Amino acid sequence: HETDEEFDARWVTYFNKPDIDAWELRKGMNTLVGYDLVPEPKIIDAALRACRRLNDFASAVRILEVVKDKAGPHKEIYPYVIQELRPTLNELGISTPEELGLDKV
């Protein structure tokens, strides 16, 4: 296959397609979470902006949830990713699952 950098760029390019449709957004996220990795912030950034172009706030929040879920017991990964996305979250007005209370069982 490919280097880490090539892999990440391919996924950035996938979600950055201007006219990506709702089916392709879902297909992308549902495929990406099959891999043994937590997606790089730059990939998540492009997917959240795809959500914006698709007028889909709910899926943006769900994407943040699945980043947390893919980290499993590695509790340091999700706050790092949120930290790195904070300018994007602010620019797009995306609230985190925690800010919405959706992390409580």
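Numbering starts at 1 and follows the sequence shown.
Here 94-102 and 3-11 are compared by their mean Cα B-factor, and 3-11 comes out higher.
When the mean C-alpha temperature factors of 85-93 and 19-27 are read from the deposited coordinates, 85-93 comes out higher.
Compared with the other modelled residues of the chain, the Cα B-factor recorded for residue 48 ranks in the highest third. In the deposited entry, the Cα temperature factor of residue 57 sits in the top third of values across the chain's modelled residues. In this PDB entry, the Cα temperature factor of residue 72 sits in the middle third of its chain's modelled residues.
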